[PDB]
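Report on the structure given below.
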Amino acid sequence: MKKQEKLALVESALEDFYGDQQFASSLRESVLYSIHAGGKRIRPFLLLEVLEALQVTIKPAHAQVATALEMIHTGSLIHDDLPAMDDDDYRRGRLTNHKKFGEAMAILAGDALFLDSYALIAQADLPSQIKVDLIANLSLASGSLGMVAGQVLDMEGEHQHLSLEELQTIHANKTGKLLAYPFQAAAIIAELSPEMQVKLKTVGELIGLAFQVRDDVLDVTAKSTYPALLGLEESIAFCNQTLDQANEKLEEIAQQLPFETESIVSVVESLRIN
Amino acid sequence: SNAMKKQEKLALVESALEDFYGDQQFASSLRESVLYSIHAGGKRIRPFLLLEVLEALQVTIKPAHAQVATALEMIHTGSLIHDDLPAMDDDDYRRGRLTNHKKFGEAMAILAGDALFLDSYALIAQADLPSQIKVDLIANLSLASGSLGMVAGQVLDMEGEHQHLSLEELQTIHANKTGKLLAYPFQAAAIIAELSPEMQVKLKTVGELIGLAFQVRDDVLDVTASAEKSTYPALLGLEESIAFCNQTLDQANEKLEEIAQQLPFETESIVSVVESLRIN
């Protein structure tokens with residue numbers, strides 16, 4: 001239904017930007033490979049769902065904002081797999097970008113996604129100031145004050161005695177920022193109050209936290225991980241109790257402004273373990 | 001003094017570069033790695049052209065203008081960090097200085113370049129400029145840097161190795177790898193000055209011509225002042241490459257004066273940069 005109509009809009013905006021205007025044939029092929037590498041597209045899907053939950057009719061300009069989010073996320077996965085980083089030959093059961101196209105092509109494919117991402121927001125049919133705030137917050141969540149900082153601290157944390165709070169700070173930047181951005185991006189597009197934006201951003205941070213804990217307890221069922229530090233059973237409790245807090249903040253938001261939460265709660269419950 | 005005023009303009013960009021990568025940074029190694037490639041010196045011709053064309057259009061330079069020029073140099077600096085990686089050009093030194101991946105490691109250089117790419121547009125979005133001007137500045141900067149510009153040029157240049165290309169293929173490589181980011185300061189200045197859409201493409205054409213001769217001059221200097229990449233002297237000869245370079249710079253001056261006949265323009269700052277590239 002709309003779940004596939006929403007994902008079809010994101011896929012179309014992805015293929016249109018990397019389509020008829022592309023002249024570097026190898027760069028387009030490398031970019032589309034990691035785009036087609038798979039995934040539920042949880043980050044661009046959440047943006048369209050929170051926006052539709054905010055009673056905003058979904059339009060292609062919104063899907064293009066969601067596309068810019070997933071291009072940055074896809075670019076980070078390409079660089080993470082590089083031999084100098086995590087050195088992964090396969091990701092999600094599929095051959096990685098550098099293993100198929102070479103290291104230099106994977107570097108440039110991620111660079112193109114990073115530099116091209118903001119173009120989709122700037123080219124979308126949206127008010128200019130809304131596009132400025134969407135761009136400024138996407139850079140804040142992705143650059144040296146967010147995702148990239150989280151990638152540096154995570155790599156350095158492997159040779160340090162870190163607390164769980166410090167590891168949570170690392171994950172909140174490396175992964176939580178781009179998982180919380182679809183909530184604050186929808187809030188900006190819906191032109192919500194600044195107090196409502198931080199309350200929606202808090203919901204995205206909670207879902208991003210449980211998404212991190214869920215991935216750790218799933219990587220073992222398939223050193224500084226949640227099932228290694230806390231343990232397997234209590235990490236599942238911490239994952240589900242965080243999803244309960246997300247449902248509380250969602251229902252609380254639903255009492256202050258019109259906000260149909262059933263679609264968002266459905267995605268929250270899809271992350272719950274047993 | 002123009003050399004002083006050039007130092008003063010680049011001091012504004014240098015100051016903006018250190019504030020963004022300063023106290024607000026919490027990744028210690030990321031700030032240190034980024035500032036290292038920033039502190040590697042450089043002619044800074046790309047942010048300098050933005051502020052110089054802006055001054056020549058009778059526009060008083062403001063900090064918001066320097067932050068736009070800062071964003072441009074951040075993307076260019078990030079491309080150099082990735083160019084020096086072993087998987088790319090594999091350079092231990094540029095300008096006689098140790099490269100970023102040699103001092104901090106490959107992973108740190110990769111992320112330092114990624115940060116510069118992703119942070120660049122933030123300085124345009126946070127500057128004191130009208131919202132639509134920021135949108136046009138950001139859209140054109142991405143157009144010149146991503147899969148339709150710089151990165152595409154790096155791909156075609158890498159794949160052109162050990163290959164004998166035609167001149168239209170070499171021009172396509174250079175126009176994208178270096179040409180578009182060299183022409184962006186002209187287009188960015190026309191947008192900030194609120195010029196007509198015609199005067200925007202006229203200023204852009206001058207930047208494209210200057211960026212074309214800038215690359216041809218480097219190909220000549222790499223041979224005169226000395227893998228298998230095709231160069232301008234390798235396809236036309238070292239003499240025609242000089243003729244094509246100076247003839248291209250002559251076309252820029254002719255266009256620069258033509259622009260002055262239609263618009264309040266002080267062309268002698270830009271003509272000077274044109275003549276600084278003239279081979280003898």
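Note on naming: chains are A, B, ... as they come in the structure tokens, residues start from 1 per chain, ligands start from 1 in the order shown.
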
- Task: May I have the residues of chain B within 8 Å of chain A, counting only C-alpha atoms, written as a PyMOL selection string?
- Result: chain B and resi 24-27+29-31+82+87-88+106-108+110-111+114-119+121-122+125-126+131-132+134-136+138-139+142-143+145-148+151-152+154-156

Note to self: Set the distance at 12 Å and use only C-alpha atoms: which residues neighbour segment 163-167 of chain B once local chain neighbours fewer than 2 positions away are removed? I'd like the list as a list in words.
What the structure shows: residues 156, 157, 158, 159, 160, 161, 169, 170, 171, 172, 173, 174, 175, 227, 228, 229, 230, 231, 232, 233, 234, 235, 236 and 241 of chain B

### Task
Write out as a list in words the residues lying within 9 Å of residue 262 of chain A, counting only C-alpha atoms and excluding same-chain residues fewer than 4 positions away.
residues 53, 266 and 267 of chain A

Would you save the residues from that selection as a compact mmCIF listing (two decimals), in the first residue's frame, using C-alpha atoms?
```txt
# COMPACT_ATOMS: atom_id res chain seq x y z
CA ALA A 53 1.49 11.03 10.76
CA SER A 266 3.89 -0.26 14.23
CA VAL A 267 7.50 0.34 13.22
```

Which residues are near residue 268 of chain A? Cut-off 9 Å, only C-alpha atoms, ignore same chain within fewer than 4 positions. Put them as JSON, numbers by chain. {"A": [207, 243, 244, 246, 247, 263, 264, 272]}
